[PDB]
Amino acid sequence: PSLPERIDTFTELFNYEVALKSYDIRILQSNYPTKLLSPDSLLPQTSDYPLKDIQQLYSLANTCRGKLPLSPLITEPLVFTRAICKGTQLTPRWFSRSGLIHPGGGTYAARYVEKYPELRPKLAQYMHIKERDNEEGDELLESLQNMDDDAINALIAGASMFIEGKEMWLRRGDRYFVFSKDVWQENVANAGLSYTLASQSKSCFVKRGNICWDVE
């Protein structure tokens, strides 16, 4: 049987009621916007802006005075930077409607809570998962925080499947189901498959998520 056919067989060998746990995808997406999951959100974003505007923004952040950047492209970072300077309240709705990510990398919310620590509980949901200490002991948040780049990027892409450490996540219907290796590795073998992780593969001809599939 063809490789895509064997991969279909594989997904059919699971009893989705034996999953270790599952998550509703719609709720995951509403709670964790792509930008709060992506590794690249932590890196500087200054390249998406005119250089002169970024230079003026840094001067404003560093001194709270000077000439104001004229690009319409810099409105949100300008409003944020001026708010810090002038002690202006930024509401949860402001963060929720924003682009979330500060030009310097990381989130508006994380910088705001660094200035006003009392707001950490109210604004945590607008911070990047890697900026959060999980003081709440939230199981899904902790699960997401433990994913390496290739796994979290598979999740961001809505991949049909991906390996997370020793567990496999499988999309079925409106949920992701998580299975133990006792189950999923047996099903690999019984579907007539073998696999390598994308980060380990030297040739990844048939890719799903971070999984490089081949025949057994």
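Heads up: residue numbers just count along the shown sequence, starting at 1.
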property	result
Of 65-73 and 183-191, the one with larger mean CA B-factor	65-73
Of 90-98 and 128-136, the stretch whose C-alpha atoms average the higher B-factor in the entry	128-136
Residue with highest C-alpha B-factor in the PDB entry, from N15, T11, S22, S199	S199
Ranked C-alpha temperature factor of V79 among modelled chain residues, by third	lowest
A109 CA temperature factor, ranked by third within the chain	lowest
Chain thirds of CA B-factor: placement of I7	middle
Among modelled residues of the same chain, the CA temperature factor third for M168	lowest
Within-chain third of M147 by Cα B-factor, per the entry	highest
